[PDB]
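Q: show me the folded form of this:
(one chain, ligands or ions: 1)
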Amino acid sequence: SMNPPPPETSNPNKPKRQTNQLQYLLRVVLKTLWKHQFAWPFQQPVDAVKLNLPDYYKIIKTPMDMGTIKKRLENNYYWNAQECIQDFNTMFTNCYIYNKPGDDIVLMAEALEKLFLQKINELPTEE
Ligand SMILES: CNCc1ccc(-c2ccc3c(c2)[C@H](NC(=O)OC(C)C)C[C@H](C)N3C(C)=O)cc1
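A: Residues are numbered from 1 along each chain as shown. Coordinates below:
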């Protein structure tokens, strides 16, 4: 059981709402990154067992990925848009913590992050 369980994606005890910013985060931000050429390593949790990287979860204690983020948005897990934005930022930061400059995965993360920032710079207004 070398991998940790994946992050929680649903919780019936948290209140739920739909906001225009949350719609944008799923329909524009997540979907645009998801289809990107470099999205695939980030579409599910890092499988440290299959990659045979037993130090990954020794280093990364707040894992996050777009598969999880997608489910969180679909399940109304986030109340505030910033909770979702923070999950994206955590995902990128983890990649930068574990890997090194010049690694293909870092270039991939940098490209996705630039696109992410372009899209959240056009986040719609709050209710
Ligand atoms: C059939 N399995 C396909 C697959 C292979 C590798 C990865 C994957 C996921 C996460 C990460 C990796 C691979 C990185 N390995 C690597 O060779 O990256 C290439 C593919 C760019 C290392 C690092 C721990 N990392 C992250 C996200 O930090 C995902 C799916």
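Q: so what's residue 46 up against?
A: Counting by C-beta atoms under 8 Å, 6 or more residues apart in numbering, residue 46 makes contact with 53, 56, 60, 63, 65. For every residue, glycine as well, the C-beta is placed using N, CA and C.
Q: ok, and which of those residues reach the ligand?
A: Among the contacts of residue 46, the ones lying near the ligand by C-beta under 6 Å from any ligand atom are 53, 56.
Q: just the contacts of residue 46: which are in helices?
A: Counted as lying in helices by DSSP state H, out of the contacts of residue 46, are residue 56.
Q: for ChimeraX, what selects the buried ones among the contacts of residue 46?
A: The following ChimeraX command selects only the buried members of the contacts of residue 46, with burial defined by 16 or more other C-beta atoms under 10 Å:
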select :56,60,63,65
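Q: turn the contacts of residue 46 into CSV, including distance to residue 125.
A: What follows is the contacts of residue 46, written out as CSV (distance: C-beta to C-beta, whole Å):
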residue, distance to residue 125
53, 42
56, 39
60, 34
63, 32
65, 29
